[PDB]
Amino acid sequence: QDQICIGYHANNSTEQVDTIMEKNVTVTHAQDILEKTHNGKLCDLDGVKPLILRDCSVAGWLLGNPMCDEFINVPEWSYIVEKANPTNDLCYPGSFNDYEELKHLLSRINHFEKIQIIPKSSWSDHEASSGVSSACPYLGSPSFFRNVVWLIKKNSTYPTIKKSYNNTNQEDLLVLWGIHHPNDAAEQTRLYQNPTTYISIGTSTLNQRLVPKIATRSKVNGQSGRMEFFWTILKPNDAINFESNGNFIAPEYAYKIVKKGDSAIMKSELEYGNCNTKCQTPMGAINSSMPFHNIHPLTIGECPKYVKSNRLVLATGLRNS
């Protein structure tokens, strides 16, 4: 005799989802919404290559550590990769003022154009080719940071320096300079004659007067002396004025900020891999349509939303048995 039945779909799917009241529930259909895969490489971001600092830090790069000549001229970049502990940094021991605030600026910059604002040849009444150290060796020989010049006395004389530079460019200028902190009064006179010295710096915004600090210090890279570097952004049509009667590490090359944008300083030990992606993490790139991922929080490009989960699956079908 005739009859009719109402029923539901079932299949050979062992896909599981979790609920509040029961875990590992087998369903007929399920959508995974979590990406758990990367390619293990550092790639370009939409065609534009990252600046991969290899064994160098931002400081070595910007100040021009001789061990960092690979980065003397740097094309436009998408993001920056720096290691946990770059071995090439301050070859001459010392410090970098507002280092972290500077690295933060680099996150909104994509391109630097290196230009010579004060040529090394332009120093007439001072020695500009003897400012070297075995702490910054290049190919065995004592050398120094390439973008700044360590001036000393000439013919037992260090005349007071009065130098100006006007920013006639339309872009902001990253300008770098420094002071040398000797280790005794004999070294001070032997290098700069004048026992009492200063460095004054002025823009429309900056007004600082530096004095060297004599101090006995432990040797770092063979030197007890110290180099302390400072920086400023020079606005277009503004000028920077230097005055000094010793211990001045003058700028030679500065940086035109020609491209602002969305960047990042990524921490990774990985090196460049000839590849391309739209989403990059410190441990590899993501190519996914997924809304979520659990690879790394620090991300750049068009990426899924990072979550600490190791599993995220949405039920779409119904129970199965």
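All residue numbers refer to positions in the sequence shown, first residue = 1.
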item: Comparing 184-192 with 130-138, the one whose average Cα B-factor in the PDB entry is higher; value: 184-192
item: Of 237-245 and 145-153, the stretch whose C-alpha atoms average the higher B-factor in the entry; value: 237-245
item: Of the residues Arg54, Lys267, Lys41, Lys256, the one carrying the largest Cα B-factor as recorded; value: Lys41
item: Member of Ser164, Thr87, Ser218, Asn110 with the greatest C-alpha B factor (per the PDB record); value: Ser218
item: CA B-factor ranking of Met283, expressed as a third of its chain; value: highest
item: For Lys260, the third of its chain into which the C-alpha B factor falls; value: highest
item: B-factor third for the C-alpha atom of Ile72 within its chain; value: highest
item: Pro66 - which third its CA temperature factor falls in, relative to the rest of the chain; value: middle
item: Within-chain third of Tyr79 by Cα B-factor, per the entry; value: middle
